[PDB]
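Encoded as structure tokens, the structure appears first; notes follow it.
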Amino acid sequence: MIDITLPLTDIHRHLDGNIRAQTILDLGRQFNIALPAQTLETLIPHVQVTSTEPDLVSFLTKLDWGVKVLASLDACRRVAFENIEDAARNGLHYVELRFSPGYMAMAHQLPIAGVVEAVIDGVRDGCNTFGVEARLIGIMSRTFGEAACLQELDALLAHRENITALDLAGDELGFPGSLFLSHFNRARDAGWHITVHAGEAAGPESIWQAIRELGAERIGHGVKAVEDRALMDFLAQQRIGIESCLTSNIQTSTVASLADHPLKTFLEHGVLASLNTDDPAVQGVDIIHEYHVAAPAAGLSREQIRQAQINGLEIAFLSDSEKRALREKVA
Ligand SMILES: OC[C@H]1O[C@@H](n2cnc3c2N=CNC[C@H]3O)C[C@@H]1O
Ligand SMILES: [Ca+2]
Ligand SMILES: [Ca+2]
Ligand SMILES: [Zn+2]
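Going by the deposited numbering, the sequence shown opens with residue 1, and the numbers climb by one from there.
Next comes the structure, spelled out in structure tokens:
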């Protein structure tokens with residue numbers, strides 16, 4: 001169940017992996033961009049996983065059409081606004097929206113810092129309209145190499161007072177986290193919080209690298225952490241959050257079945273693991289499905305599902321006052 005007396009969060013949620021299919025059609029028409037399909041029914045298999053993808057890199061290609069229609073900064077503002085609307089429609093009280101401004105800007109060569117500003121604007125408008133609380137996480141898309149990631153870093157730094165955290169996402173095996181030592185040194189000097197996609201396609205060594213070298217306070221996925229008990233202990237003792245995305249892990253073939261997902265194991269070891277969506281539009285599911293379908297299939301008890309719900313706020317990049325206000329309201 002979702003406990004309606006506790007805040008509902010989603011802290012691993014890619015804005016640019018959540019571009020509505022109707023919005024892809026609308027923007028393609030507005031900009032006269034040729035699309036692979038002309039109706040929702042025929043567009044879906046090009047923009048959404050229909051069963052599973054064979055690996056992480058294949059899954060990543062499903063986001064491409066959404067960002068290929070972003071031909072202006074106003075289009076970026078629209079998708080940011082619609083992302084807050086989607087969060088509101090799912091009963092979320094608090095979201096952290098992560099986005100790769102370089103990935104969003106790539107197709108039409110938009111100014112990368114302008115994409116950051118447009119996302120900030122659209123999220124501000126959406127929060128004002130719907131009342132969802134939100135913070136922004138900038139992503140460096142490792143897939144495009146260290147120099148492209150520096151361009152994204154510079155764009156986010158030009159808006160650093162509006163960005164709460166930095167993340168590394170994309171092709172984990174092709175671009176190990178060790179390559180981004182300098183990018184994260186600069187992020188920590190800027191005072192940003194740190195999360196890192198790690199231990200999804202690669203092993204526990206990638207998680208250790210994210211913690212010890214990149215300064216990660218949370219780990220995106222971290223599925224392979226169960227292979228190292230010392231790592232499990234370190235996560236629990238140091239209160240390093242785990243951002244679990246059950247359906248995503250099925251759809252990237254990171255786990256073959258939810259019955260073998262490590263989320264239950266994390267919670268039994270005292271790790272602050274939370275339930276999240278990842279890429280709602282691409283996956284065809286949102287947070288309600290993760291709680292009511294994916295989490296029971298992953299073997300979690302009712303109490304464990306509640307603990308994951310609590311952990312999402314506990315690991316949020318929010319002040320004690322902000323966390324208290326959300327808890328006091330919903331109680
Ligand atoms: O926000 C868009 C960026 O994030 C990547 N990205 C989007 N969803 C995921 C990503 N990366 C790694 N693991 C799978 C899943 O969690 C794609 C793009 O670079
Ligand atoms: Ca509110
Ligand atoms: Ca009280
Ligand atoms: Zn992700």
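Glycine included, every Cβ here is placed at the ideal spot set by N, Cα and C.
Rounded to the nearest angstrom, how far is the Cβ of residue i from that of residue j, given a contact under 8 Å?
i: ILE24; j: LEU43; result: 6 Å
i: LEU272; j: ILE315; result: 5 Å
i: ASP171; j: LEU73; result: Not a contact, Cβ separation roughly 27 Å.
i: residue 342; j: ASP121; result: With the chain running from 1 to 331 in the structure shown, residue 342 is simply not present.
i: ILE219; j: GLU243; result: 7 Å
i: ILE194; j: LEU214; result: 6 Å
i: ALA294; j: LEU246; result: 4 Å
i: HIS221; j: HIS183; result: The pair is not a contact, with the Cβ atoms about 20 Å apart (cut-off 8 Å).
Apart from the five residues just before and just after residue i, which ones in its own chain have a Cβ nearer than 6 Å to its Cβ?
i: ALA297; result: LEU258
i: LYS68; result: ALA107
i: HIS159; result: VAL116
i: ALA88; result: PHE130, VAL132
i: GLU217; result: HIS193, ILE194
i: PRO101; result: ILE112, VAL115, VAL116, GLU152, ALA155
i: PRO36; result: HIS46
i: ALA118; result: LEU73, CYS76, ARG77
Just grab the DSSP bridge partners of residue i for me.
i: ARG218; result: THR195, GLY241
i: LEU166; result: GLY138, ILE194
i: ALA273; result: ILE242
i: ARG13; result: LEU97, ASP278
i: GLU53; result: Partner(s): none; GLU53 has no beta bridge.
i: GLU161; result: DSSP output for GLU161 lists no bridge partner at all.
Going by DSSP in three states, residue i sits in which element: helix, strand or coil?
i: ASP154; result: helix
i: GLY203; result: coil
i: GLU41; result: helix
i: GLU172; result: coil
i: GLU328; result: helix
i: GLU133; result: strand
i: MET106; result: helix
i: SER253; result: coil
i: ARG302; result: helix
i: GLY126; result: helix
i: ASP233; result: helix
i: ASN83; result: helix
i: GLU314; result: helix
i: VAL119; result: helix
i: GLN283; result: helix
Whose C-beta lies closer than 8 Å to the C-beta of residue i among residues of the same chain, with five residues either side of it excluded?
i: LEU179; result: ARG142, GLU146
i: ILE4; result: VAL330
i: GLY270; result: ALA236
Return the chain-ordered list of same chain residues with a C-beta closer than 7 Å to the C-beta of residue i, the five sequence neighbours on each side being excluded.
i: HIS108; result: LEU70, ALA71
i: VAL223; result: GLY199, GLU200, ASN249, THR254, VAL255, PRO262
i: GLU227; result: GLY203, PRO204
How about residue i: is its Cβ closer than 8 Å to a heavy atom in ligand 6?
i: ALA331; result: Summarising the ligand content, the structure contains ligand 1, ligand 2, ligand 3 and ligand 4 and does not contain ligand 6.
Checklist entry - Which residues have their C-beta within less than 6 Å of a heavy atom of ligand 4, listed in chain order? => result Here the list is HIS12, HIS14, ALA169, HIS197, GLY220, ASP278.
Next on the checklist: Which residues neighbour ligand 2 when neighbourhood means a C-beta less than 6 Å away from any of its non-hydrogen atoms? List them by chain order.
Outcome noted: Summarising the contact set, residues whose Cβ lies nearer than 6 Å to any heavy atom of ligand 2 are, in chain order, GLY131, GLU133.
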